[PDB]
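Each chain is listed here by its residues.
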Amino acid sequence: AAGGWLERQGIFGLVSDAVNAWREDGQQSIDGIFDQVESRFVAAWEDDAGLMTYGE
Amino acid sequence: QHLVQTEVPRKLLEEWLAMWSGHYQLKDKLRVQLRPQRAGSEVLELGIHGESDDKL
């Protein structure tokens, strides 16, 4: 179910791109690459979930 | 962010009915009413009203 969501939202696309770039660049530290994808994921999840207080 | 339950206003049907009235070259501006069919009822009435407030 989570995979379905990541696919639809383009996050799995970002992951594929990230891994390909990592491989092409000689498999150096994934720290920065991972951080960037994680940031996009968090933004996308927050947006789609409709995150707000109960009051809101 | 908005809830799914707030994404569909009465005005949307009014816009469609304006498109409709436009095609059929009718003059009467059609208004949409959605209220309990009587006071305190869980039964609802969707009414289409003309400029004279007649139920069409």
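The coordinates are above.
Asks: Please clarify how the overall build of chain B should be interpreted in this entry.
Replies: Regarding its fold elements, chain B presents one helix and two strands. For chain B, whose C-alpha radius of gyration is 14 Å, the value lies well above the compact-globule estimate of 10 Å for 56 residues. Principal axes of the C-alpha set define a box for chain B whose edges measure 35 × 35 × 10 Å. Taken across its 56 residues, chain B has 16% of its residues classed as buried. Accessible area for chain B stands at about 5200 Å²; split by element, carbon and sulfur atoms hold 54% of it. Taken as two groups, the 8 positive and 9 negative side-chain charges of chain B have centres that lie 2 Å from each other.

Asks: Any chance you could explain the environment of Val 42 of chain A here in plain terms?
Replies: Residues and elements named next belong to chain A. Considering the arrangement of structural elements, one finds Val 42 in helix α3 (residues 31–49). Judged by its relative accessible area of 43%, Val 42 is partly exposed. Placed 10 residues apart in sequence, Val 42 and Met 52 show a C-alpha to C-alpha distance of 15 Å.

Asks: Is there a simple way to think about helix α2 (residues 11–24) of chain A in this case?
Replies: Given 3.6 residues to a turn, an α-helix orients residues that are three or four positions apart in the same direction. Residues and elements named next belong to chain A. For α2, which comprises 14 residues, the first-to-last C-alpha distance of 20 Å matches the rise-based estimate of 20 Å (1.5 Å per residue) to within 8%. Where the residues of α2 are buried, they touch α1 (2–8) and α3. Of the residues one or two after α2, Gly 26 is the one with positive phi, at around 95°.

Rules used in this analysis
Note that residue numbers begin from 1 in each chain and follow the written sequence, not necessarily the entry's scheme, while residues that lack coordinates are absent from the view. In the order they appear in the text, chains get letters beginning with A and ligands get numbers beginning with 1. Values throughout refer to the chains shown here, themselves only part of a larger assembly. Working from all heavy atoms in the structure, the side-chain values ignore hydrogens and water. Only DSSP runs of H or I with at least four residues qualify as helices, and only runs of E with at least two residues qualify as strands; both kinds are numbered from the N terminus onward. For a compact globule the rule gives 2.2 Å times the number of residues to the power 0.38, and the radius of gyration it is set against comes from C-alpha atoms. Classification of residues uses two cut-offs on accessible area relative to the type maximum, computed with a 1.4 Å probe and protein chains only: under 20% is buried, over 50% is exposed, and between them is partly exposed. Accessibility throughout is a Shrake-Rupley quantity obtained with a 1.4 Å probe, and a residue counts as covered only by protein chains that appear here. Counted as positive: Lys and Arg. Counted as negative: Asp and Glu. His and the chain ends are not counted at all. Think of each charge as sitting on NZ of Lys, CZ of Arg, CG of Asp or CD of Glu. Helix span, as expected, comes to 1.5 Å for every residue beyond the first. Residue contacts are counted whenever heavy atoms from the two residues lie within 4.5 Å of one another.

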